[PDB]
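As you go down the protein sequences, you meet chains C and E in turn. Going letter by letter, the first sequence gives residues 624 to 965, 979 to 1014 in full-length UniProt numbering. Going letter by letter, the second sequence gives residues 624 to 965, 979 to 1014 in full-length UniProt numbering. See below for the structure under consideration.
Protein chains: 2
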Amino acid sequence: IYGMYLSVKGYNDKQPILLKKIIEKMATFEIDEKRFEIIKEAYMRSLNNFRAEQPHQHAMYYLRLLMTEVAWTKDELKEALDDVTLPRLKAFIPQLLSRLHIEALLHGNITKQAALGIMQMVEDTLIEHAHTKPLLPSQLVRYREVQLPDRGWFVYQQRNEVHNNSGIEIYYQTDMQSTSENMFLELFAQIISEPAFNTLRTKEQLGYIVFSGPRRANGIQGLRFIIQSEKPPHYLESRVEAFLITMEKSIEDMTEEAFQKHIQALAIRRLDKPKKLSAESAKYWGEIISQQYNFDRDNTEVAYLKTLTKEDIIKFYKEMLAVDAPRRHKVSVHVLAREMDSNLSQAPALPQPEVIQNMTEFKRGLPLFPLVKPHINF
Amino acid sequence: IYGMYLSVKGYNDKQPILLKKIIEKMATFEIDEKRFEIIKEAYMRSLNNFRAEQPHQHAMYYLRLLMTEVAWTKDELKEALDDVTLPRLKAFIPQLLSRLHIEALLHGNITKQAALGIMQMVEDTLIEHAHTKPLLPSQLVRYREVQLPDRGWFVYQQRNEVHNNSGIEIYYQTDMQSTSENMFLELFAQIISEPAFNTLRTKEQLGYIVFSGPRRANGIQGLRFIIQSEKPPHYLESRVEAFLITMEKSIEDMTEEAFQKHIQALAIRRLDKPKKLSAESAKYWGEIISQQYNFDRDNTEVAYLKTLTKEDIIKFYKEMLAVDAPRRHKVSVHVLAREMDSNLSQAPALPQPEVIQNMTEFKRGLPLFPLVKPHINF
C-alpha cells in the first residue's frame, strides 16, 4: 500500500545477476497485451472470489478496512478494473518509476562495499532507464490508525454468502505502541492464552477456530479475539465478555509464583534466537518497514517485563480492558452466515453498540493516531 | 488545495453565455506555449517574491503550514517548478478533468429548474469534452488539523530577510468547532477585543499592527494574537502572557451588566443582516466549503450565547487558556527581523518551549483532529 516490495533470497553467488535482470527488466517493461488481458481477467475473478473466503477472514478484512486511514475495498477495485486499459497502464509505469524512495536491507554473506555496490547498481539502472529522481521527505507519509473514543463500542456487520458459519473479531484498542504498553498487552495475552482456548472451544465449543492475542497496525495495538462459529456473533460477543470477567478473577486469585511463571514463559518465547538467516532478516525488516528501528527491542522489553507485578496488570485491565473501563476502546466485526437473520458464567450487561453504516463517515468522526517515533534520529 | 473554484457574479441576463464560454474553453484548452513560459516565468518570480512580504504575513503563513495535514511550502513548489514542462502539463489537464466532484451554490434571480438547467449544462459539457466521470465517496477526503498535546508549547522560528521588523503569531488551540466552544471563544475574544489593542499598542507601543481574535481552520478553532514589532518575538511573547493575566482579573472584577453588555455586543455583531446579494452568498458558501452546512448558525449560537455567565467563561479560561491550564494547547511562530540574533505588569514564568526543527516530523508526532460532522445527514 506504499509501493513495491522486492525480496531476493538464496546463494549469494549469482544474486547480482538475477537482481539486474529484475531491475532493468522492471525499468524497461514491454507489455505483451495478449498476456495483459489474461492476467487482468484472472485479477477480475480473483477479486470476485473473495466472496467464497472464510467468515473469520472476512472479519479480519473488514477491521483492517475500518481502522486504516486509507484503504480501498474489493468492490471499489473491481469497479475501477474495467477502467484499466493498456495505454493507461503503460502511461502509469514510468509515472510510478519517475520518483521513488528506496529503503533496503542487505543481510548475509556480503561485505560493506559489496552492499554499497549492490544498492548503487540498482539506482544507476533506474536513473538510466526510468530517469528516476528522489522523493521529497514531505511525501514519505505513512497511514495512521483510527483513534477510538473512550468507553465506546462500534459494530460493523456483513454477511458471508457462501459459508454456513459466522465470524467475529473483537478489537480492544489500547494505546500507541511503547515498551510499557506492549509488555502490558503481551503479558496479559500470555496469561489469557491457554484459558481462552480452553473456555471458548474445549468447554463451550463455540467453534473449531478460536484465536487470542495482540493486534499491531500502523504503530497502534490492542487485544483481539477471533471466532468462527454457527452461533450468532452477538452470542459470541457475550461469551467472550463473560470469559474476560472470568480471567480478571483468575488473576487476583493466582499465586505470585504462578504470575511469575507466566512472565518467564513470555520472556523465553521472545528471547528465542532465529535459526535460519531469513528468520533473522525478518525481524530487522520488521523493525524497518514499521519504521521504529528498534533493533535491540527484545532485550529492552523483556527486561521491563520482569519488573511487572500483578496489580500492574490488574490496574491495566481496569483502565483499558474491563467491561466498564474508563478507556475502553472496542470495535467489533460481525460476519453473518449464509442463512442468518438480524452451566456457563453469566455475561455482563453490554452498552448499546453504535452500528457503522458507512465506513467513510465512520473514519471522519474519529481522530487519527500519531505515528510512532523512530528509535534513531537521522 | 482541493481542486478548482469557479465564481460568476453579476447580471443574470447573459450568465449562461459566459459560463459556457468558460467551461467548454476549460474542458478544451489549447495551450499557447509562448504564453505558457511567460506565465510560468511570472510564477517563478511570484514564489521568489514571498521573501519580501511582511513579517506578520510570514507568521500566518508558517502556522497554516504547521497545523495542516498536507501543505506544500513555497520552496518545495519552485523547486518542482523547473520540472514543469509543456507536454507534462497537457497530460495533466485531462487527467485532472477525468474524474471530478462538483458542489455548487446558485443564488439570486433564478428559479429551481433554471438552476437545475445551469448545473446539468455544466456536466454535459465536461462529460463530452473531458469524458468526466464521478469520483468515489471514499476519495472525497479533506485535510484535518494537527492536534496539540495538553500543557504543551511549540515554537517555529524563521527570519524575514527583507523587513527590519519582527513578526509573531500565538495560536491557543482550544477544541473542535461546536456551538458551545465557538461562543466560548467568540465571547472571550469579544471581551479582550478592545483591551488587547489598548494594552499592547496604545500603552506599550509594541507595534502598529496588533490583532486579536478567533482562528478557524479545518473544523478546529482557537485564540490567536498577531503582532509586528521591532522588539524580539520572545519579548512580545511575555507581554501577551502578562496581558492575559490582566484580562482574567478584569473579568472577575467586572459587573454582571458589564459582562452582559459584552454579550449583547457580540450578538448584535453576528445578527447583522447582509446588505448585498454576494454578501449573503458568502455565508452560505462558507457553510458549504467548510462542509458543516449550518445555514441557521447565527440564530442557534446567539441564543446559546445569551445563556452564558461569568463563571462559564472563567471556567473556560482556567481550563483552556490560562498559563497553567490543564488543556493549554499553544504553538508560536517567530519571524525574526532582517538583523536579529538568537510601568508594566509582570509576565508569568513560561514553560520551556519545544522548538520545531522539521515540520514533517512535527506533524507525525501529534494526532490528527476529527472532521466536523455535517449538520444535515445525506
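Here a beta-carbon is modelled for each residue, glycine too, at the ideal position from N, C-alpha and C.
Segment contact, 8 Å Cβ cut-off, at least three pairs: the region 681-696 of chain C with the region 994-1002 of chain C:
The region 681-696 of chain C makes contact with the region 994-1002 of chain C, as at least three CB pairs between them are under 8 Å.
Assign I1012 of chain C to buried or exposed, taking buried as 16 or more other Cβ atoms, counted over all protein chains shown, within 10 Å of its Cβ.
The residue is exposed, with fewer than 16 neighbouring Cβ atoms inside 10 Å.
Contacts of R893 of chain C in chain E (Cβ-Cβ under 9 Å):
Near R893 of chain C there are no residues of chain E at all, since even the closest Cβ is about 27 Å away, more than 9 Å.
I'd like the list of long-range same chain contacts for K663 of chain E, defined as Cβ closer than 6 Å, with 5 residues on each side in sequence excluded.
The answer is none, since no qualifying residue turns up.
What is the DSSP secondary structure of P837 of chain C, counted as helix, strand or coil?
The answer is strand: DSSP assigns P837 of chain C an E or B state.
Own chain partners of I992 of chain E with C-beta closer than 6 Å, once the 5 adjacent residues on each side are dropped
Within the same chain, and ignoring the five residues on either side of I992 of chain E in sequence, the residues whose Cβ sits closer than 6 Å to its Cβ are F777, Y779, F998.
Rounded to whole angstroms, what is the Cα-Cα separation between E962 of chain E and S861 of chain E?
Between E962 of chain E and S861 of chain E, the alpha-carbon positions lie close to 21 Å from each other.
Pair within 8 Å by beta-carbon distance, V956 of chain E and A714 of chain E
For the pair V956 of chain E and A714 of chain E, the CB atoms are not nearer than the 8 Å cut-off.
Is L1004 of chain E helix, strand or coil when you go by DSSP?
Assignment of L1004 of chain E by DSSP, reduced to helix, strand and coil, places it in the strand class.
Can you tell me whether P757 of chain E is helix, strand or coil according to DSSP?
Strand at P757 of chain E.
Which residues in chain C have a C-beta closer than 7 Å to the C-beta of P760 of chain E? List them in chain order.
The answer, in chain order, is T996.
State yes or no: is the C-beta of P818 of chain C within less than 8 Å of the C-beta of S873 of chain C?
Against a cut-off of 8 Å, the Cβ pair of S873 of chain C and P818 of chain C comes out as a contact.
Can you give me the Cβ contacts of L641 of chain E inside the same chain, cut-off strictly under 7 Å, excluding the 5 residues immediately before and after it?
These residues qualify, in order along the chain: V631.
Tell me the DSSP secondary structure of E656 of chain C in three-state form.
In this structure, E656 of chain C counts as helix in the three-state DSSP scheme.
Bridge partners for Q828 of chain C per DSSP, in chain order?
The partner list for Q828 of chain C (beta bridge, DSSP) is empty, contrary to what the question assumes.
For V863 of chain C, which residues from the same chain have a beta carbon less than 8 Å from its beta carbon, with the 5 sequence-adjacent residues on both sides left out?
The answer, listed in chain order, is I793, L823, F848, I850.
Contact list for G1001 of chain C against chain E, beta-carbon separation under 9 Å
Correct list: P1006, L1007, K1009.
C-alpha gap between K898 of chain E and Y634 of chain E, whole angstroms
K898 of chain E and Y634 of chain E: Cα-Cα distance of roughly 17 Å.
Note the first and the last residue of the continuous alpha helix (DSSP H) segment covering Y858 of chain C.
Here the alpha helix (DSSP H) through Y858 of chain C covers 856-875.
In chain order, what residues of the same chain have a beta carbon less than 8 Å from the beta carbon of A840 of chain E, not counting five sequence neighbours either side?
A distance below 8 Å between beta-carbons, with the five flanking residues on each side excluded, links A840 of chain E to the following residues of its chain, in chain order: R687, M690, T691, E768.
Across which residues does DSSP place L728 of chain E in a beta bridge pair?
DSSP, once it has assigned bridges, lists no residue as partnering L728 of chain E.
Under a CB-based cut-off of 8 Å, is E699 of chain E close to chain C?
Taking CB atoms only, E699 of chain E has a neighbour in chain C less than 8 Å away.
Got a sec: is the Cβ-Cβ distance from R767 of chain C to anything in chain E below 8 Å?
With respect to chain E, the C-beta atom of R767 of chain C has a partner C-beta closer than 8 Å.
Chain C residues whose Cβ lies nearer than 8 Å to that of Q770 of chain E:
Within chain C, the residues placing a beta-carbon under 8 Å from that of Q770 of chain E are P1003, ordered along the chain.
Unbroken alpha helix (DSSP H) run spanning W908 of chain C, endpoints:
Element bounds for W908 of chain C: 900-912.
Note down, one range per segment and in chain order, each alpha helix (DSSP H) of at least 4 residues found wholly within the region 920-948 of chain C.
Secondary structure in the region 920-948 of chain C: the alpha helix (DSSP H) runs of 4 residues or longer, each lying completely within the stretch, are 920-928, 933-943 in chain order.
Take the Cβ of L889 of chain C as the centre, count every other Cβ of all protein chains shown within 10 Å, and call the residue buried at 16 or more, exposed below.
With 16 or more neighbouring CB atoms inside 10 Å of its own CB, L889 of chain C falls in the buried class.
Separation of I912 of chain C from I624 of chain C, as counted between CA atoms:
Approximately 12 Å between the Cα atoms of the pair.
Going by the CB atoms, is the gap between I886 of chain E and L931 of chain E shorter than 8 Å?
Going by C-beta atoms, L931 of chain E is nearer than 8 Å to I886 of chain E.
Assigned secondary structure, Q718 of chain C (DSSP; H/G/I helix, E/B strand, else coil)
Helix at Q718 of chain C.
Burial state of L846 of chain C (16 or more Cβ within 10 Å):
Per the 10 Å Cβ criterion, buried.
State the start and end residues of the unbroken alpha helix (DSSP H) segment that holds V745 of chain C.
Looking at the DSSP string, the run of the alpha helix (DSSP H) that includes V745 of chain C is 735-752.
In this structure, how does DSSP classify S816 of chain E when only helix, strand and coil are distinguished?
In the structure shown, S816 of chain E sits in a helix (DSSP, three-state: H, G or I).
Within its chain, find whatever has a CB closer than 6 Å to the CB of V1008 of chain C; leave out the 5 residues flanking it on each side and keep chain order.
These residues qualify, in order along the chain: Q800, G842, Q915.
Any 3 or more C-beta pairs closer than 8 Å across the region 751-765 of chain C and the region 637-651 of chain C
When Cβ pairs closer than 8 Å are counted between the two stretches, the region 751-765 of chain C is seen to touch the region 637-651 of chain C, the count reaching three or more.
C-beta atoms of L739 of chain C and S904 of chain C nearer than 8 Å
With contacts defined by Cβ atoms closer than 8 Å, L739 of chain C and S904 of chain C do not form a contacting pair.
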